[PDB]
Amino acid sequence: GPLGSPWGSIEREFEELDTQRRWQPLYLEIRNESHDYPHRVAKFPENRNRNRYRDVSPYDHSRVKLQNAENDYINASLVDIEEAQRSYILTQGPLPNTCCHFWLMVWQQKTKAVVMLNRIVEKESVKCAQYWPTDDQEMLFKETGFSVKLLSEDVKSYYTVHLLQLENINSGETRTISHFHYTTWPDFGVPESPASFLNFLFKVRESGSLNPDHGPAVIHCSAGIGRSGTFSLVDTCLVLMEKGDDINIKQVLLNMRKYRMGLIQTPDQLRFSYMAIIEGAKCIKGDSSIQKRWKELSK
C-alpha cells in the first residue's frame, strides 16, 4: 500500500488545515452538504412537552420507538454503522416528565452503559434533569414501572463512574447499569486534553459495553448532538482504522449525520476530533511488526 503510517493521511490533512487556517471553511462545507430528512412525528402537538429544544429533532426513519405505550415517541435516534459493528443511541438530556420514558428505553433496548457528557447546571441554566439518585434512597418512575438505586461511586479529577441497579417492577427483574459521567466538558466547548478524553473512552471500552453482544449504549449531553456527536465520531473512526480501512473523516461524519441532525456544533469541536483520532491511533495494539515500530518512533 502507501508509504505513510496508519494515521499519516489524517495527520497531513490536519497540518494543512492549520497552516491555511481553513477549519471554519471546512465546517461550513459540512453544514451545506448535510441533507435534511422528514421529522413529522417530532412536530405533532401531543409531543411538544417531550422536546427540550424546538430546533433539535430526531428523523422519522431512525427514531427509537417505545414499545407497549399509547404514545411511542422519545427524542432519541439509532446510529448504526455496520462497517464498524457499532450501534449507539444518541438522545437529549431528559426533562422531569420524560425521565420515565428514558429508563423504559434503556430496558427495552438491552443497554448496558449510559455515557453522560454534560453537567446538570451550566452557565446558570438547567441542562438535564436529576434522573439517578445521589444517596441511598430508591428513585421511583411510576408512569412506566421502574425504580433506580445507587450501588457504588468512584470519583476522579475529570470524570466519575456510578454503578446503578435498574428494577423492572412489572417483570420482577433487575440489571446493573454502568453510568460514565464526564464532568469537565463545557457546552459548545472541548475537553481538557486529548489524553483526558482518551483515558475516558478506554474505560468505557474496557467494560465491554460497546461490544456487539450487548444492546446499543445510550450517549447524551444537553441536546444530544454537539458533545455526543464528537464522542461517537472519534470512537467509530478508531474502530475503522483498527480493521484496516483507509478513512476520510469528512465522509464518515456526513454519513453519521444521516441518522441524527447536527452532530458536531463548532469548528473547534471538529479540530479536537482530528487530534483525538491521531493520538488514539498511536495507542492501538496489534500483531503487525511494522505497526509496532511506527508506534515506538512516534511516542
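Just count from 1 along the sequence shown to find any residue number.
In this crystal structure, the stretch out of 237-245 and 58-66 whose C-alpha atoms carry the higher mean B factor is 237-245.
The stretch with the higher mean CA B factor, choosing between 255-263 and 22-30, is 22-30. Remark: of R175, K149, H179, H214, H214 shows the highest value [criterion: C-alpha B-factor in the PDB entry]. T160: CA B factor lies in the middle third for its chain, per the PDB record.
The entry lists a Cα temperature factor for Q109 that places it in the lowest third of the chain's modelled residues. Split the chain's modelled residues into thirds by C-alpha temperature factor. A84 is in the highest one. Per the PDB record, residue ranking by Cα B-factor puts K123 in the highest third of the chain. Compared with the other modelled residues of the chain, the Cα B-factor recorded for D154 ranks in the middle third.
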